[PDB]
Every structure is written in structure tokens, then in C-alpha cells.
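Q: The structure under discussion is supplied below as C-alpha cells; questions concerning it will follow.
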Amino acid sequence: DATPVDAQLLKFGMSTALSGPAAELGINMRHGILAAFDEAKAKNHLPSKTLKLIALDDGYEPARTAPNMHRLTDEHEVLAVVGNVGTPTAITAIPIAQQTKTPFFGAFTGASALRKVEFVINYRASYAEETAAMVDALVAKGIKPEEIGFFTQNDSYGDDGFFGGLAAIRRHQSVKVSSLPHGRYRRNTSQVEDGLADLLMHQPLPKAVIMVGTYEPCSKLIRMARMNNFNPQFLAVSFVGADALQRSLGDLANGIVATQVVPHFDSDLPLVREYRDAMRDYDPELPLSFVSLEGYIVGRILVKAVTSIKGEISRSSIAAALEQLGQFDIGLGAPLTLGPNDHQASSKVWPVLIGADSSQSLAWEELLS
């Protein structure tokens, strides 16, 4: 009761899926951020500052995102909202961040809606970029544009990935949007039967299915496809959660390709080695994942920006500091770029091939080999 406290508390907020069928996404984003914050404390990166994350559960449901965001920006007075999972959730969250002038940084979503939003600053490559990489690689291997199908969540997330795929296909062949194979499922359900039937009845039958969904419904779709005598090349976007997908499917995940917005967590890139050390010290029982690696990267960039601030640390000075990063290197093997007119740090897409027991980096020229 008598001890001076001169450390300034720096509060950051997050609204994310900490429960429900997509919980692995929010849980692991949160762990990655917290591992970064743990490391920053351990190494005295922010002397006389205390980092705190206020993480509220929205279950990947926009109806819960809205009141969470009001609480984070009003009563909690957070300095930035960091790492929130999802597209329909972000679409609800962003106007609240904008009206309160709160930086909305490193959201776990590649949606174009975040990439047109002055307060929205992104680390990761977009769904347009992931789907372009997939489509170009498929076509290079002799898959016809008309043979590429989509299995997507029936909302703004699935729409965004589908539209990215459509644009990528259109670069190779003019098509009407109604011609593409496109099965859908409702967010946070396992109701994938109708979507599978739509793919199966398509002319021609898809040879590749791009999955713009989450791990639970995607796992069920893959199991059901194989039961229904259908074995195309499945490709999962980053948001699916490749680690959770592999855990659910086991051997049935062997051969799936999944695009990531981070390098492999087994890489010896300096940042990745630092991620592994931070995770080990933070909680050695947690498995590594692409999701927590992304959260760690977001935390690292945030801390780097905060370190640069001279004077009051505030919403406005954090927004400015993120833009002041310019071209910078955090040990990813290639530079990141942020600025007043550049709000996406990375366009890099790292494909991985899921095997029997693990995943490994994939060169696109080895796709379907």
C-alpha cells in the first residue's frame, strides 16, 4: 500500500473467438500476442511500461463484437485494438474503432474491407493475394480455370475469398460469376452437406476446391467428400487454421495445401527462432502454430512501434508510430513496409503441404507432385 508505482500501464484490447467452434483462432492469436508481451517484459524492451491485454470473447459472432468494442474503446480506454479474428466481426468492429480514433492493428483477417479505414493497419497478406497464388499455381499445373471450385462460409468472409478467386481465375479466362462451382455453409455451424452437393453436381466436377472457411466445417466437408467418392485437391486459406485442421482430420489431411501469411513455425528465420523461444518461456505446454506465430509477429511490430514513441503513448501517437515504421526488418527474411499510405505490411504468401504428421513449406512448382 506504500509502494510507489511509476510504471505506465499500456492497455491494449482484443475482441475475438475465445470460445465456440472457431475458438482455436482467437485462443492462439491471444497466446502469440501474450508471448510477445512476455518477451518484451523479460528483455526490458519498454522500461517503466506495463503491457496489458484486455481480451473479450465474441465467439466469432458480430452480435458480440459490437458491445465488446464499445467496452474496449469507452470504459477500458484501450490504446489500440489488436489481432481480432474475423471478417464479419471486423466489419462490425471497424466503425467503432474509427469513431473513437482507436488503431485497429493486425486483425486476423485478409478481407479486402480492411484494405481499401484510416485507423486500420494490417500485417498480413490478403485473401486476394492468397487466392491469386493458389489459382496461378493450379493453372500452371494444368488444372483448367473451370475445374477450380470453392467451398466458402456464407457471409462476408466467404464472399471475400470467393471474389478473390474469381478475380484470379478471370485473369486466365473470362467467366460469368454464376459458372463457378461454389458450395456454402453457415458460419459457426457444421452444416456442409448442401455445399458438398453443389460441388458434386457441377459440370465439370471440380479438380481443386479452395476452402474459405474455418477448421470445423472444412474438416467435416473433407471427411464427407471422401465418403461421397470425391477426392479433389483441397486448398485451405490461412484463416481455416491449418494446425487445427490437421489435428481434426489426422491422416485425411495428408496432401492438403494451405496458404499461410507467416513463414513456417519450424523455420530458422531469426524472427521464428525468437517466436519459439518466447513461446517456450511463456508456456512450454502450448503447441506451436501458424496462428500464434502471426499473433507474435503482431505483438513484435506493436512493441517496435511503441518503442519509437517520444512523448505520450496514446491512440494518436501509436497510429503515427505504426506509419513511421517505414521499410523495416524484423527477421522474416524480407522487409515489411508501412506508412501513411501503406497499411499492409506484408504481401507474402507461404504455401505449406500437410503431410502425415506435420506440414512443410511447399514450392508452387511442386503442387500436385
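Following this note's numbering, the numbering of the sequence shown begins with 14 at its first residue and continues without gaps.
Each residue gets a CB set at the ideal place from its N, CA and C atoms; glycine is no exception.
1. Once the 5 residues before and after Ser61 are set aside, which same chain residues still bring their CB inside 8 Å of it?
2. Can you tell me which of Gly368, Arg289, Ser371 puts its alpha carbon nearest to the alpha carbon of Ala49?
3. Which same chain residues end up closer than 6 Å to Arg77 when comparing Cβ atoms and leaving out the 5 residues on each side of it in sequence?
4. For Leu315, tell me which candidate among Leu306, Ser371, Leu338 has the shortest Cα-Cα distance.
5. Could you give the first and the last residue of the continuous beta strand (DSSP E) run that contains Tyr198?
6. Three Cβ pairs or more, each shorter than 8 Å: is that satisfied between the region 342 to 350 and the region 82 to 100?
7. Distance, Cα to Cα, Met292 vs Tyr228?
8. Under 7 Å Cβ to Cβ from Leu213, same chain only, skipping five residues before and after it: list those, please.
9. Taking 6 Å as the limit between beta carbons, can you name the residues of its chain near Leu284, skipping five residues before and five after?
10. For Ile104 and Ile46, what's the separation of their Cα atoms in angstroms?
11. Given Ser125, which residues of its chain have a CB within under 8 Å of its CB, disregarding the five upstream and five downstream residues?
12. What does DSSP give as the partner residue(s) for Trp363 in the beta ladder?
13. Taking the alpha-carbon positions, what's the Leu262 to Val270 distance?
14. Note down the Cα distance separating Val152 from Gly171, rounded to an integer number of angstroms.
15. Nearest CA to the CA of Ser302: which residue from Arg260, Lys157, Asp294, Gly352?
16. I'd like the list of long-range same chain contacts for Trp363, defined as Cβ closer than 8 Å, with 5 residues on each side in sequence excluded.
17. Would you call the CB atoms of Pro116 and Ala93 closer than 8 Å?
18. Quick check on DSSP: helix, strand or coil for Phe118?
19. Determine the direct distance from the alpha carbon of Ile331 to that of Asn354, and round the result to whole angstroms.
20. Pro158: which of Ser192, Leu209, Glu131, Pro300 sits nearest, CA to CA?
21. Take the Cβ of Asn267 as the centre, count every other Cβ of all protein chains shown within 10 Å, and call the residue buried at 16 or more, exposed below.
22. Do you know how far the Cα of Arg137 is from the Cα of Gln246?
23. In whole angstroms, what separates the C-alpha of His58 from that of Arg43?
24. Where do the N-terminal and C-terminal ends of the alpha helix (DSSP H) with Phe50 fall, by residue?
25. For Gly308, which of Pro17, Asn135, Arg239 has the nearest alpha-carbon?
26. According to DSSP, is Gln112 helix, strand or coil?
27. For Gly171, report the span of its alpha helix (DSSP H) as first-last.
28. Any idea what DSSP makes of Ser374, helix, strand or coil?
29. Under three-state DSSP, which class holds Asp70?
30. Are the beta-carbon atoms of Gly312 and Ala221 separated by less than 8 Å?
31. Could you tell me the alpha carbon to alpha carbon distance between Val304 and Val188, rounded to whole angstroms?
32. Short check: CB of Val253 to CB of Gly226, under 8 Å?
33. Rounded C-beta distance between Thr144 and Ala181? I'm assuming under 8 Å.
A: Based on what the coordinates show:
1. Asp19, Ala20, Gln21
2. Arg289
3. Excluding sequence neighbours, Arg77 sits near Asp71.
4. The shortest C-alpha separation from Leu315 is found at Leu338.
5. 195 to 198
6. no
7. 23 Å
8. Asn241, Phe243
9. When the five nearest sequence neighbours on each side are left out, the beta carbons in the same chain lying within less than 6 Å of the beta carbon of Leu284 are those of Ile343, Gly344, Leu345, in order along the chain.
10. 22 Å
11. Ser139, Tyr140, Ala141, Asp173, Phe176, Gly177
12. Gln273
13. 14 Å
14. 22 Å
15. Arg260
16. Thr272, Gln273, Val274, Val275, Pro276, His277, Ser374
17. yes
18. strand
19. 16 Å
20. Closest option to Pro158, Cα to Cα, is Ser192.
21. Under this definition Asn267 is an exposed residue.
22. 25 Å
23. 20 Å
24. 36 to 55
25. The option with the nearest alpha carbon to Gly308 is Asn135.
26. helix
27. Start and end: 169 to 185.
28. strand
29. strand
30. No.
31. Whole-angstrom Cα-Cα distance: 34 Å.
32. yes
33. 5 Å
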